[PDB]
A.B. asks: 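My structure is below; once you've seen it, I'll send some questions.
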Amino acid sequence: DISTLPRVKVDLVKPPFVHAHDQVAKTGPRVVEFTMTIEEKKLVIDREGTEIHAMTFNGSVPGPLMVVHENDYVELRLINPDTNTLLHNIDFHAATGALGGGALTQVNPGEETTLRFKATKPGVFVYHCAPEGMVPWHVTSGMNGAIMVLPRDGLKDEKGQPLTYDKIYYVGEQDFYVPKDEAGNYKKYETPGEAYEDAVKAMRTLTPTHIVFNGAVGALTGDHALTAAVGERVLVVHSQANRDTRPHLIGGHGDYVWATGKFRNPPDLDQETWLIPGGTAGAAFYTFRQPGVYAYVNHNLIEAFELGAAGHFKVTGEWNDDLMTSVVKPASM
Amino acid sequence: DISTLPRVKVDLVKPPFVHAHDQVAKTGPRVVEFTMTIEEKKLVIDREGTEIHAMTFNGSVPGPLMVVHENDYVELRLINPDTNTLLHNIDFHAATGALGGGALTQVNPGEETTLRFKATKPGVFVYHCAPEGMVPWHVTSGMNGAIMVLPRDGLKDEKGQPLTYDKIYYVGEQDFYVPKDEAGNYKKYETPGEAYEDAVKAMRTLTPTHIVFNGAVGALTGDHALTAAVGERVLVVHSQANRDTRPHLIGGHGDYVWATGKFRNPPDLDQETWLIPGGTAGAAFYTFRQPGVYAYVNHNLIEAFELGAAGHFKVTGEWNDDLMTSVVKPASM
Amino acid sequence: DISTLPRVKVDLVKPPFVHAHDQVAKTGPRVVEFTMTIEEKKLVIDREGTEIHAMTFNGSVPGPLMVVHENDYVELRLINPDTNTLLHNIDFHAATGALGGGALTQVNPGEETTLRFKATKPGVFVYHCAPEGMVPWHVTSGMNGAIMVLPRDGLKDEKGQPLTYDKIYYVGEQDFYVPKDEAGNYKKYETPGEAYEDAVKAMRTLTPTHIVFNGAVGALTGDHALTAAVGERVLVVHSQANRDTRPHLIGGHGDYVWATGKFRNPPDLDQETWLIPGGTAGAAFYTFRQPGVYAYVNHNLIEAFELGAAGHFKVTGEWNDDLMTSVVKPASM
Ligand SMILES: [Cu+2]
Ligand SMILES: [Cu+2]
Ligand SMILES: [Cu+2]
Ligand SMILES: [Cu+2]
Ligand SMILES: [Cu+2]
Ligand SMILES: [Cu+2]
């Protein structure tokens, strides 16, 4: 009887940060309550000032990371305010039935709904909007995020020993298809509704115009670079709701990687680069051993450095010359 | 001595159905006899009435699923009737030597041939036509299918315990490259031979115009939706002879998945989405837990919902509110 | 103290061949010394005579395969002669810190540098140039290769038993983006520097014009086909620094495959085709069982047979009719 279970309310945070949670469950199963408000909004996605009409869960691209444990119930209150113009819903890849919840969560502007589902499978999973007839348009306008369902006894390595992270970040990667005119300039629009047939044409090229982390070119750089210290254990959850990606930590590795994100499987060890298929979330665990700047990229390097799929870590601490050193610094001959 | 072995003749069925077979072998090794007749034919592949000159094994796209057991011999009589115009052959990825059989099976119109090979490796495998100099044109005109080589003791999970399916379906996914004129309309042709240089140009874009299950947009919907009941164990074999795909059962999971299709490896558990590389067959096992409509898609959602790579399951049975429920149905605030 | 370790100097060879090494380490940890000279040079990449300005490590596309053992130190002297025009550096995916060495190895024409790093993780790994602001242009001009870090006790199968190869080859796969004019002809250039904005435009299409093994269409055919004998155990290392590939041995299999190339993981067995993500090296082990010609391809067959990603093995020895035979040779009805 679900009414006898504890309820706990989560207050979400903006990506790439993740709300507070316990890796090993400190209670029995709970109903974990979340609220998200859909926001259609203009977003500037690149250095040139290209502006799109984004569709968001909770104001961000990606939507926030939700965290529960296996066999918890997730109860989501989904709000579509009357300041929006479109019908929306939500499909959780973590859930079982009704198109992942999509069939039960159709909300017009001015409506809300509450969905409950049991988190029966541990892993990181995509969630996304999926309104009948409009699915890729909503997804590729930014309306996707992820949910992490931890095993009740936390993460384990390939031998069944505990893995405990000190820090966690969520990197949502988004493919955008901004319509272009024959000369190649982006076509701008006043409303989200304006784009439709041109949005379909741009998508059908299968060639994104931008591929970004956390909603914009350079979002995870500068003052917004990810941080860690030498010796810290970091889990990076990465999702892509529509298109394959291949993450790589330049200067590091994925020490333990669940490329397709499901924790009942042993992790792959010592990865340089890993493939996360479109429609999937994956997770990589790394212990930093060197200080300095690292680039975290999609290792199609065109997609990274021309189209936007690159972020930075800034790592503090002690340099280890046994691991790497310049024997003879660049100089003339 | 092969002449001392039992011979058994299989009568193939049209995809997505699969001919009768036993999961656990009830006899010793056999010579399993198959016959396929090549058919070049016009096919209408979309709702708009786009017509291509398809090249088929046995009249269908994909070709039918063949099923044997490890260490059986497959004996295929391949018939190219004189009503066809092109030379064809067959490459089995399950086979060892002679380009998978391609070098030994070149048949002009009005010829036939019989190939035998030993099925030494268990798994699902692609087969396709591959005539020298014309390989991608034949493959992307529909001339591919798959073969399943079951272990003699059937399928096993990651712990070595039996997995038994109640139903099996074969989903062949096909990328088509219909030539277009400068304005973007499809160029139509009277003969298969007509297309050649324009077919090459269209392929070189690396951008399919259509991506379909079972030969056409909407083929696995309506009266032709896949079916199951709550509690049934279903194996879905999925192939793509030329291009990567990422299957996903919307509202379900792959409980056990062999993404690259080879049964001596343990399955991956609890997949949301899995990558089947081009030139590979994969297999996913799921036990249905909820009734209703499910969408089975390539989770590049553009490829699914714009280009055609989507089918449906219709599932009968009892709804489980513990797994999912609408707490508050969509309503105004 | 590194100064107390043996030093051993390696003399590299041109791909697809690999310098001499021992699978099981016959010494303790060593400093393994390598020298590479950067060469910007014109290369003809196809049958039509298309000429690009390539950027190479040691004169070849790919750069040579380096081979060490786990916990060796790699010491690379990297030379940028004053006959080149561009700044270059090197990022080793095998290394830890400083962008894989990229931050410590920036050499202008007329400079050299010496980098040392400890090879802490066993596997095959990509290395590539990566100068700030110019990364995909250098990589897709050919400036990448791979390094193999063998476990000190050699390779093992999925049960922990030894796997010993008799022959090893290195197949580097390169995506090129040759700029085209509006009519579709390649734009030619006098200097590497000439291309820049047009190179960026061509890359942003995400559609390579050529995809080649060992630097050119047909490079691994004819007198330069790979060779083996029936019964020989062959390891094929395959890298792709920028874009996904899906290798397949037509007429064979990958008996043991590390698709993402990291030897602490068990291999996948009996693969038909495997996905190596862009930015990764992988390795496949096969024992040949049949003589004749095999085609080794990227199994996007358009990429293989139209764009150039195909090579051949020529295999000597005895045909096994139990594995495959023509029962009835192609003939009329
Ligand atoms: Cu929406
Ligand atoms: Cu989905
Ligand atoms: Cu054919
Ligand atoms: Cu093939
Ligand atoms: Cu360079
Ligand atoms: Cu790299």
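To find a chain, count down the sequence lines: A is the first, B the second, and so on, and within it residues start at 1. Note that these values count all heavy atoms, side chains included, but never hydrogens, waters or copies made by symmetry.
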A.B. asks: What closest approach, in Å, do A:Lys14 and A:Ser60 show between heavy atoms, and which atom pair accounts for it?
C.D. replies: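 Between these two residues, the closest heavy atoms are NZ-CB, 3.8 Å.
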A.B. asks: Is it the case that the side chain of A:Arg152 and the backbone of A:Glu70 share a donor-acceptor pair, with hydrogens and angles ignored and the cut-off at 3.5 Å?
C.D. replies: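 Here the side-chain-to-backbone pair does not exist.
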A.B. asks: Working note: A:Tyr286 + A:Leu249, criterion side-chain contact (heavy atoms from CB on, under 4.5 Å); need CA distance, chi angles, decisive distance, verdict.
C.D. replies: CA-CA 9 Å; A:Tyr286 185 57; A:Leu249 178 64; 3.6 Å; yes
A.B. asks: Might you confirm whether atom CG of A:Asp1 has over 12 heavy atoms from other residues, nucleotides or ligands at distances under 6.0 Å?
C.D. replies: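 Yes, the 6.0 Å shell around CG holds more than 12 heavy atoms from other groups.
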A.B. asks: Report yes or no: is the cationic atom of A:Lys262 (NZ for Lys, CZ for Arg) closer than 6.0 Å to the six-membered ring centre of A:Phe125, at no more than 45° off its axis?
C.D. replies: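 Yes, a cation-pi geometry.
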A.B. asks: Can you tell me how far the OG1 atom of B:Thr273 sits from the NE2 atom of B:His253, to the nearest 0.5 Å?
C.D. replies: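 Here the interatomic distance stands at 9.0 Å.
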A.B. asks: Going by distance alone, is a donor N or O of one side chain under 3.5 Å from an acceptor N or O of the other, for B:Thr227 and B:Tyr169?
C.D. replies: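 Checked: B:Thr227/B:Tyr169 side chains pair up, N/O donor to acceptor below 3.5 Å.
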A.B. asks: Measure centre to centre between the rings of A:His238 and A:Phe213, then say whether the value is under 6.0 Å.
C.D. replies: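 Yes: the rings meet the under 6.0 Å criterion.
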A.B. asks: Could you check if a side-chain atom of B:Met148 sits within less than 4.5 angstrom of a side-chain atom of B:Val18, using non-hydrogen atoms only?
C.D. replies: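 Sidechains of B:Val18 and B:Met148: no contact.
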A.B. asks: Take atom CZ of A:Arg116 as the centre, draw a 6.0 Å sphere, and report whether it contains more than 12 heavy atoms from other residues, nucleotides or ligands.
C.D. replies: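 Correct, the count exceeds 12.
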A.B. asks: So do the side chains of B:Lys329 and A:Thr113 get within less than 4.5 Å of each other, counting heavy atoms only?
C.D. replies: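 Counting from C-beta outward, B:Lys329 and A:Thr113 never come under 4.5 Å.
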A.B. asks: Measure the OG1-CD distance between B:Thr245 and B:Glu173 for me, rounded to the nearest 0.5 Å.
C.D. replies: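 Reported value, rounded in 0.5 Å steps: 3.5 Å.
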A.B. asks: Tell me if a side-chain donor or acceptor on A:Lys42 pairs with a main-chain N or O of A:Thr191 at a distance below 3.5 Å.
C.D. replies: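 Absent.
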A.B. asks: Determine yes or no for a side-chain-to-main-chain donor-acceptor pair under 3.5 angstrom, with A:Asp22 supplying the side chain and A:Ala25 the backbone.
C.D. replies: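 Flag not set: sc A:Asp22 to bb A:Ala25 has no pair under 3.5 Å.
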A.B. asks: Return yes if a side-chain donor-acceptor contact under 3.5 Å exists between B:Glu303 and B:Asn298, otherwise no.
C.D. replies: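 Result is yes, a qualifying pair exists.
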A.B. asks: Taking the side chain as C-beta and beyond, is there a heavy-atom pair between B:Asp322 and A:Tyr73 under 4.5 Å?
C.D. replies: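 SC-SC contact between B:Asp322 and A:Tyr73 confirmed.
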A.B. asks: Any idea how A:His210 and A:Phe176 line up, ring-wise: parallel (<30°), tilted (30 to 60°), or perpendicular (>60°)?
C.D. replies: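 Perpendicular: the ring planes of A:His210 and A:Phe176 meet at over 60°.
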A.B. asks: Is there a side-chain hydrogen bond (donor to acceptor under 3.5 Å, both in side chains) between A:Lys167 and A:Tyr165 once you walk through the steps?
C.D. replies: CA-CA 6 Å; A:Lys167 305 190 71 168; A:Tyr165 50 90; over 6 Å; no
A.B. asks: Hey, are the side chains of B:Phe285 and B:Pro267 touching, using non-hydrogen atoms and a 4.5 Å cut-off?
C.D. replies: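 Not touching, per the 4.5 Å side-chain cut-off.
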A.B. asks: Ignoring hydrogens and angles, tell me if any N or O in the side chain of A:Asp72 forms a donor-acceptor pair with the backbone of A:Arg30 under 3.5 Å.
C.D. replies: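 Yes, A:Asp72 side chain to A:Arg30 backbone: donor-acceptor pair under 3.5 Å.
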A.B. asks: Would you confirm whether A:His19, through its side chain, and A:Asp11, through its main-chain N or O, come within 3.5 Å as a donor-acceptor pair?
C.D. replies: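 No; zero donor-acceptor contacts below 3.5 Å.
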A.B. asks: Treating A:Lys41 as the side-chain partner and A:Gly59 as the backbone partner, does any N or O pair qualify as donor plus acceptor under 3.5 Å?
C.D. replies: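 A pair under 3.5 Å: yes.
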A.B. asks: Assess whether atom NZ of A:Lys9 is packed by more than 12 heavy atoms of other residues, nucleotides or ligands within 6.0 Å.
C.D. replies: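 Atom NZ in A:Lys9 is crowded, with more than 12 foreign heavy atoms closer than 6.0 Å.
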A.B. asks: Give a yes or no answer on whether the side chain of A:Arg246 reaches the backbone of C:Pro277 with a donor-acceptor pair at less than 3.5 Å.
C.D. replies: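 Pair absent, no side-chain N/O of A:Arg246 close to backbone of C:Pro277.
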A.B. asks: Could you walk me through whether C:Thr260 and A:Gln271 pass side-chain hydrogen bond (donor to acceptor under 3.5 Å, both in side chains), step by step?
C.D. replies: CA-CA 7 Å; C:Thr260 60; A:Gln271 304 294 273; 2.7 Å; yes
A.B. asks: Would you please classify the geometry between the A:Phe117 ring and the A:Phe92 ring as parallel, tilted or perpendicular, with 30° and 60° separating the classes?
C.D. replies: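 Judged by the thresholds at 30° and 60°, the geometry between A:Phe92 and A:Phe117 is tilted.
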A.B. asks: Starting at CD of A:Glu40, measure out to CG of A:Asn84 and round the result to the nearest 0.5 Å.
C.D. replies: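 Going from CD on A:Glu40 over to CG on A:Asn84, the span is 4.0 Å.
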A.B. asks: Could you check A:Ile147 against A:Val124 for side-chain contact (heavy atoms from CB on, under 4.5 Å), going step by step and ending with a plain yes or no?
C.D. replies: CA-CA 6 Å; A:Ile147 177 168; A:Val124 290; over 6 Å; no
A.B. asks: Pair A:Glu112, A:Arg77 - check salt bridge (charged side-chain N to carboxylate O under 4.0 Å, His left out), show working.
C.D. replies: CA-CA 7 Å; A:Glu112 66 171 83; A:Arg77 181 189 173 209; 2.8 Å; yes
A.B. asks: Using a 4.5 Å cut-off on heavy atoms from C-beta on, say whether the side chain of A:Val68 contacts that of A:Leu150.
C.D. replies: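 A side-chain contact under 4.5 Å is absent here.
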A.B. asks: What's the verdict on side-chain contact (heavy atoms from CB on, under 4.5 Å) for B:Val237 and B:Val171, showing C-alpha distance, side-chain angles and the deciding distance?
C.D. replies: CA-CA 6 Å; B:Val237 174; B:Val171 179; over 6 Å; no
A.B. asks: Got a second to check how far A:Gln174's CD is from A:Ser141's OG, nearest 0.5 Å?
C.D. replies: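 Interatomic distance, A:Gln174 CD to A:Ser141 OG, rounded to 0.5 Å: 8.0 Å.
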A.B. asks: Could you tell me if A:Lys118 and A:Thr96 have a donor-acceptor pair between their side chains, going purely by distance under 3.5 Å?
C.D. replies: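 Side-chain D/A pair, A:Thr96 to A:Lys118: absent.
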A.B. asks: Could you give the distance from OG1 (B:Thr221) to CZ (B:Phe313), rounded to the nearest 0.5 Å?
C.D. replies: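 It comes to 13.5 Å.
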A.B. asks: A:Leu155 versus A:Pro162: any side-chain heavy-atom pair under 4.5 Å?
C.D. replies: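 No, their side chains stay 4.5 Å or more apart.
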A.B. asks: Identify the heavy atoms of A:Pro208 and A:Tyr177 that sit nearest to each other, and give their distance.
C.D. replies: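 Closest approach of A:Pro208 to A:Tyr177: N-CE2, 3.4 Å.
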A.B. asks: Any donor and acceptor pair, going by atom type alone, linking the side chain of B:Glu272 with main-chain N or O of A:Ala281 inside 3.5 Å?
C.D. replies: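 Between the backbone of A:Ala281 and the side chain of B:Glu272 there is a qualifying donor-acceptor contact (under 3.5 Å).
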A.B. asks: Looking at B:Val257 and B:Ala284, what are the two nearest heavy atoms and their distance?
C.D. replies: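 Looking at all heavy atoms of both residues, the shortest contact is CG2-CB, 4.0 Å.
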A.B. asks: To the nearest 0.5 Å, tell me how far B:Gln290 CD sits from A:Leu99 CG.
C.D. replies: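 The distance works out to 11.5 Å.
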A.B. asks: Would you indicate whether the side-chain heavy atoms of A:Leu76 and A:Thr114 approach each other to under 4.5 Å?
C.D. replies: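 SC-SC contact between A:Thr114 and A:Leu76 ruled out.
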A.B. asks: Using modelled atom types only, decide if a donor and an acceptor are shared between the side chain of B:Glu232 and the backbone of B:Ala229 within a distance under 3.5 Å.
C.D. replies: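 Checking the backbone N and O of B:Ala229 against the side chain of B:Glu232, a donor-acceptor pair under 3.5 Å is found.
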A.B. asks: Would B:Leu275 and A:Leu275 count as a side-chain contact (heavy atoms from CB on, under 4.5 Å) here? Give the steps.
C.D. replies: CA-CA 9 Å; B:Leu275 194 291; A:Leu275 194 291; 4.2 Å; yes
A.B. asks: Dump the intermediate steps for salt bridge (charged side-chain N to carboxylate O under 4.0 Å, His left out) on A:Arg264 and B:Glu158, then the final yes or no.
C.D. replies: CA-CA 10 Å; A:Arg264 288 195 186 125; B:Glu158 84 291 2; over 6 Å; no
A.B. asks: Got a sec, which residues hit ring-ring contact (aromatic ring centres under 6.0 Å, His included) with A:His88, two or more places apart in sequence or on another chain?
C.D. replies: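 Result, ring-ring contact (aromatic ring centres under 6.0 Å, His included) vs A:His88: A:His138.
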A.B. asks: For the pair B:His224 and B:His312, evaluate ring pair (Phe, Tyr, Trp, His ring centres under 6.0 Å) and give the outcome as yes or no after the intermediate values.
C.D. replies: CA-CA 9 Å; B:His224 291 276; B:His312 293 163; over 10 Å; no
A.B. asks: Are A:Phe17 and A:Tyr170 an aromatic pair, judged by ring center distance below 6.0 Å?
C.D. replies: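 Not under 6.0 Å, so no.
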A.B. asks: With a 6.0 Å cut-off on the ring centroids, do B:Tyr296 and B:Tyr294 count as close?
C.D. replies: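 No, the ring centres sit 6.0 Å or more apart.
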A.B. asks: Before accepting this row, confirm whether a basic side-chain N of the pair B:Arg233/B:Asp255 lies closer than 4.0 Å to the acidic partner's carboxylate O.
C.D. replies: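 Salt bridge: no.
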A.B. asks: Would you tell me whether A:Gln240 and A:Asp175 have side-chain atoms, one donor and one acceptor, within less than 3.5 Å of each other?
C.D. replies: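 A pair is found: one side chain offers a donor N or O, the other an acceptor, under 3.5 Å apart.
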A.B. asks: Can you name the closest pair of heavy atoms from B:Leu220 and B:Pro16 and give their distance?
C.D. replies: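 Closest pair (atom of B:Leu220, atom of B:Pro16, distance): CD2-CG, 3.8 Å.
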A.B. asks: Please examine the side chains of B:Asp268 and B:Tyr256, heavy atoms only from C-beta on, and report whether any two atoms are closer than 4.5 Å.
C.D. replies: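 SC-SC contact between B:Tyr256 and B:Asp268 ruled out.
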A.B. asks: Hey, does the side chain of A:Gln161 reach the backbone of A:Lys159 with a donor-acceptor pair shorter than 3.5 angstrom?
C.D. replies: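 No, the answer is negative, given that no donor and acceptor are paired below the 3.5 Å cut-off.
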